[PDB]
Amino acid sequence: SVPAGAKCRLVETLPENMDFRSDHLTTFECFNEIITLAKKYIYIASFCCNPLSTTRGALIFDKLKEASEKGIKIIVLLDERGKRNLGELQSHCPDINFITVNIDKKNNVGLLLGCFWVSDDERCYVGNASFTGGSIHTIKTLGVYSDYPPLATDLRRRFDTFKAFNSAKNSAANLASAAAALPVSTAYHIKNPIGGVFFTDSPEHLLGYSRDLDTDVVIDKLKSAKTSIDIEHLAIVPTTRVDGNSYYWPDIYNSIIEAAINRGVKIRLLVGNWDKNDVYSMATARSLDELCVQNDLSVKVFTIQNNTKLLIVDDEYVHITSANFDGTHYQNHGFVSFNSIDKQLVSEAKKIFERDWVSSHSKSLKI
């Protein structure tokens, strides 16, 4: 029999200078457990890699360094745009294999986000805490840890896809014959979760033929919501700026408003602070602000460094990811999203959002 929730438990970074408290496994504790128990390999994938920026981050790096010296195969995937620290990392850990990834050499827009650890096809972390000293120590993050081998193995398959886009000679990033020959496998989708847990993936041109596009799963859940929608992301604006020109993409923005206006769903949005240099965020805010007076919409903003990407629907579905609900991410960026419908696990996530909602770092939107 498979255990309910697939042995998943929440993981978060609660910095000392912030009022967030919990009894959950800290990110620092989590990464320490993965290294300590590792016997074969440790695979890590995040956009940036800069462990030496904080005290706890550097301790994780030394534990990882000690593991690589004891015979553990350590592979760290980072996007080619987090390449600055690469020389510093290799000089500190000459036995760890660092690989720069470019999942989009056709248009140079798609970025690798990860954001996960996996080891021995048994243990894994997935969430929004990059392999940086900030995400381990000083920045609020949220993730999930499971020591269930069937689930961790399915996460390792996501690592196989990303590693194929290394910037070296014939690869899935430089040739089309080696990219179309990539088995982009997955054992569990939304159609067949494992103990109520399943992964969704992105972007669409890396799905293969069996993986679920995170865009479709997220939107379907938002459209199927019957009572509540709680979201803690960085921004829920329908417009994002890729390099020079702006990009309009209201797919998620509409599914939220549609739930509030057409179906009377109670919605609480905990997003980043708006800025005046981009006035277009104010209009999007004033549009969301006015829907709070008769529709069951509510908006609070935070200014702290916070990587949390959390979605909870009707206390029956929880979505923890590393991407933000916007067009640039959900159409170009490469990430894997944690999904669970386990009642007990969703309950623990609802407890997290309630805490964050009434935190001193969450102020009601005023314009």
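We number the residues from 1 along the sequence you see.
On average the C-alpha atoms of 293-301 have higher B-factors than those of the other stretch, with 293-301 and 89-97 being the two compared. With 181-189 and 232-240 compared on mean CA B-factor from the PDB entry, the stretch scoring higher is 181-189. Across the options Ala168, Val271, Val126, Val109, the residue with the most elevated CA B-factor in the record is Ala168. The PDB entry assigns its highest CA temperature factor, among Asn245, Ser255, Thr138, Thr132, to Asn245.
Looking at the C-alpha B-factors along this chain, the one for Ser287 belongs to the highest third. In this PDB entry, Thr308 carries a Cα temperature factor that places it within the lowest third of its chain's modelled residues. The PDB entry assigns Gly208 a C-alpha temperature factor belonging to the highest third of its chain's modelled residues. The deposited CA B-factor of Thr215 belongs to the lowest third of values across its chain. For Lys351, the recorded CA B-factor ranks within the middle third of the chain. Only modelled residues enter the ranking.
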